[PDB]
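*Asks:* Build me a model from this:
(2 chains)
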Amino acid sequence: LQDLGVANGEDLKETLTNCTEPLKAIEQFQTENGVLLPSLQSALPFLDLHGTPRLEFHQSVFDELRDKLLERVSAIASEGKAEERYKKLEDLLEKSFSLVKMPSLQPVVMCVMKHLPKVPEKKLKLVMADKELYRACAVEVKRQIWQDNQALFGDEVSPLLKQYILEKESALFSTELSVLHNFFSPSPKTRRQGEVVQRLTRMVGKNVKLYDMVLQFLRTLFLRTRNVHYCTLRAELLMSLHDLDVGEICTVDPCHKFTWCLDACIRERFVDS
Amino acid sequence: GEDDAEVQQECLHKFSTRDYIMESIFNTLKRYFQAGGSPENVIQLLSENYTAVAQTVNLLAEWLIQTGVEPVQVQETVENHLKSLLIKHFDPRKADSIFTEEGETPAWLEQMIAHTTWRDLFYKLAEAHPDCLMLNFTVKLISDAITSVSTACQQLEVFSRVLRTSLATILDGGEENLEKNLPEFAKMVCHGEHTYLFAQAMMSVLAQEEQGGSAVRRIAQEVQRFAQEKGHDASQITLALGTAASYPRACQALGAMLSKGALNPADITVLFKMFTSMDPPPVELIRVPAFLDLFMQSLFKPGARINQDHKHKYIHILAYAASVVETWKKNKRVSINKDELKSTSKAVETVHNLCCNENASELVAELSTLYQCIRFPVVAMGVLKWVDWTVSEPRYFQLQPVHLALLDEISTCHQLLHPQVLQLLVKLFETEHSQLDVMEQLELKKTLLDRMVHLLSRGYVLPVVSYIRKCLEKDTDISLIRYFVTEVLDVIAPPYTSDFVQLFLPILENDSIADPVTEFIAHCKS
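*Replies:* Numbers count the residues shown, from 1 in each chain, chains lettered A, B, ... in the order given. Provided below are the atomic coordinates:
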């Protein structure tokens, strides 16, 4: 609260501690932290008489008004003239990041960081540093840190690459024989439906720098392991970008057309004329 | 035993529950501090779960105001939420308890009443509760700033004073504002038969004044109409009030017909024999509006039950009602004109034959005799009700509409039928069919707009443009209003009196074309 010039609980207890008139001090704190409309300072006792505390209508309007604030974050991302709308969102960011620590304004700021292509990276650094923000951050916040520095990208692709190899090893070693099916029955688009590569596509989105980053990670691990799994994950990531119709990779990558052709080749398991 | 072990927990439930510090917290705190125990941990329980929802609201509301969104949207949202919570959680017993602790509600009520939404809240609360003392007091006092009908008629003096004030407003209303001034009085009169009989007798005595008592008689007949709408028979009221007592046969006959809201060949035969006698009873005695409406719905709906030996009797009695001149020589009928009787009965006969035959093209075949015969006023009313019931059928415009042409003869040739014709077409201008698409609905609407513009040309200009303004502000799309202005400025000749401009031009502000609109606006502003 002090970040924008408002008191906290410790200031309240200071206002109560060592006071000859604690009740009037409590009332003054209540006045100084109420909702500032002139109809309320008379209606607050009246609604209090009902058995409904002041905080209850505060809770109702709290839900309503942050719903509208998130709506307007999305709107100013999509509404207003460009310089004014980005200025509004960046200013509101400076207002709101003091309360991302609080349980209210995290996802609001996460949307604001979602809709700005670049940010001062202090807040992205705090987003990676804190586990709660590391979870709740919107996808473009995570992208902006990765696009500005590869540390978190490596840190999170390493367990995901590990899980992909876990799946590959476990499926290749499974003890079922039948005339009905085998483990090579799923097509590559069938195998892209797992959340590993689809989440990796979400982590990359439509960005080419992160595409190069996953390419180099798969390159390093493929150069150390001599195993086709990382190649398969590159193909799955490229065709998952195509499943989203990601033009930022599909149209520029000379390999996209060729992998798309190879997808049908593998689907029939032949290279027809 | 001591209630400490229970009442202290009752209070501590409201202490240690999430978020109750801001409140009856004082009363329960007093019940606990007098009961002893641990009062130090009570304050800690109050402030432990203080989530600071209020300062969260400060942040959120001031951020919505930062966004450039209107704060009055927030005001409307909060008011709607709290008012809906009140209405869902209003308890009439606790309103009467607020009355019990003190007769006049403290200043919170007198501060709420300044807000229009809270005044409407008290209206919806108290219009349905005629015994809750707080609610009845609030509605009555706000009337002193609806007067509840139960407290309107609880005694003579209140009923009389509100009656005379409301009737003064009705008479001040001329011929338009009565629609708002009459129901508040009429529904007040239409609650009991004693308040009814009193108000009717007062208006009857007032009607004897030749300096406008005709209007009081009109309003009394309107209140009797409304009393019928509440399902109460005021037949014998009008009988014993008027000159029915001068003729018992006409009295019983007419009063029976009015009490049923329908005709019959028996009472009709009684009146026929009376007016066939050398002493025909007064023509004023049968000239009653609802009675003549019974004649209309007997002769012009499909059906009703009818005999030919009585068809002419109904026709001839209606002709006597619509034709005969009785001159009062100090309330003495001494000259009886019955010379314009036979032609009127002949026209009524032919027109009723056509109407109850369920005619379209055959109308155009005998439209000559029709427009010859609509010059009779009563016949014009009869054709109006017939074409109303034919055209009011759902989707009567997909199959022949010649009927709308006939109003042109009626309204043009009979001035006092201007209010009916427009008040017919207000229904027809709201025609909506899924079969006849919105294109055809707009075609019919524009046709009716041309009819209403013609009726405006006959002088019925204030209510036409007032209703056009109302339905534009409502329903009527801008295309229809533009076509209205197109036809109007194509037909109306200058000068344009400001009584017409005051409603036509400030609704024409929406458009500027039909250029005649520019000429009209320039002339009527300069």
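*Asks:* Please name the nearest non-neighbouring residue to the residue of the stretch 251-400 of chain B found nearest chain A.
*Replies:* With Cβ to the nearest Cβ, the shortest gap between the stretch 251-400 of chain B and chain A falls at residue B:394, namely 43.3 Å. From N, CA and C alone the C-beta is placed, and that goes for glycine too. Leaving aside its sequence neighbours, residue B:394 sits nearest to residue B:433 (Cβ to Cβ, 6 or more residues apart in numbering or on different chains; 7.4 Å).
*Asks:* gap between the closest residue in space to residue A:265 that isn't next to it in sequence and chain B?
*Replies:* Excluding its sequence neighbours, the residue lying closest to residue A:265 (Cβ to Cβ, 6+ apart) is residue A:271, at 5.1 Å. Distance of residue A:271 to chain B, computed by Cβ to the nearest Cβ, to the nearest Å: 58 Å.
*Asks:* tell me the secondary structure for residue A:271?
*Replies:* For residue A:271, the secondary-structure state derived from DSSP: H, G, I helix; E, B strand; the rest coil is coil.
*Asks:* From residue B:353, how far off is the residue positioned nearest the centre of chain B?
*Replies:* Residue closest to the mean C-alpha point of chain B, counted by Cα atoms, centre = their mean, is residue B:179 at 5.9 Å. Going from residue B:179 to residue B:353 by Cβ to Cβ, to the nearest Å gives 37 Å.
*Asks:* And for residue B:57?
*Replies:* Residue B:57 is 76 Å from residue B:353, where distance means Cβ to Cβ.
*Asks:* Which of those two has more residues huddled nearby?
*Replies:* Counted by other Cβ atoms under 10 Å in any protein chain shown, residue B:57 and residue B:353 do not tie: residue B:57 has more neighbours, with 24 against 12.
*Asks:* if you skip the residues just before and after it, what's nearest to the more buried one?
*Replies:* residue A:58 (4.5 Å).
*Asks:* How about the contacts made by residue 187?
*Replies:* You didn't say which chain, so I picked chain A. Contacts of residue A:187 were listed using Cβ atoms under 8 Å, 6 or more residues apart in numbering or on different chains, and they are A:263, A:266-267.
*Asks:* hmm, I had chain B in mind actually
*Replies:* B:149, B:226.
*Asks:* which outside residues touch stretch B:198-217?
*Replies:* Identification of contacts with stretch B:198-217 by Cβ under 8 Å, 6+ apart yields B:156, B:159, B:163, B:167, B:171, B:189, B:219-220, B:223-224, B:234, B:237, B:241.
*Asks:* can you tell me the helix or strand for residue B:253?
*Replies:* Element membership of residue B:253, judged by DSSP states H and E, is helix B:248-260.
*Asks:* Which strands or helices does that helix pack on?
*Replies:* Secondary-structure packing of helix B:248-260 (3 or more Cβ pairs under 8 Å, 6 or more residues apart in numbering or on different chains; DSSP states H and E): helix B:235-241, helix B:265-276, helix B:283-286, helix B:289-300.
*Asks:* again, 7 Å this time
*Replies:* With contacts defined as 3 or more Cβ pairs under 7 Å, 6 or more residues apart in numbering or on different chains; DSSP states H and E, the packing partners of helix B:248-260 are helix B:235-241, helix B:265-276, helix B:289-300.
*Asks:* Alpha carbons of the last one, as CSV, please.
*Replies:* Spelled out, it's helix B:289-300. Extracted in CSV, the C-alpha atoms of helix B:289-300 (Å, rounded to 0.1, in the frame of the first residue of the first chain):
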residue,chain,number,x,y,z
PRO,B,289,-71.3,4.5,-24.9
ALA,B,290,-70.8,0.9,-23.8
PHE,B,291,-74.4,0.1,-24.8
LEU,B,292,-73.8,1.4,-28.3
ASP,B,293,-70.6,-0.7,-28.3
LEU,B,294,-72.8,-3.7,-27.6
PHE,B,295,-74.7,-2.7,-30.7
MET,B,296,-71.4,-2.6,-32.6
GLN,B,297,-70.2,-6.0,-31.5
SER,B,298,-73.7,-7.5,-32.2
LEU,B,299,-73.9,-6.1,-35.7
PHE,B,300,-70.3,-6.2,-36.8
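*Asks:* All good on my end, thank you.
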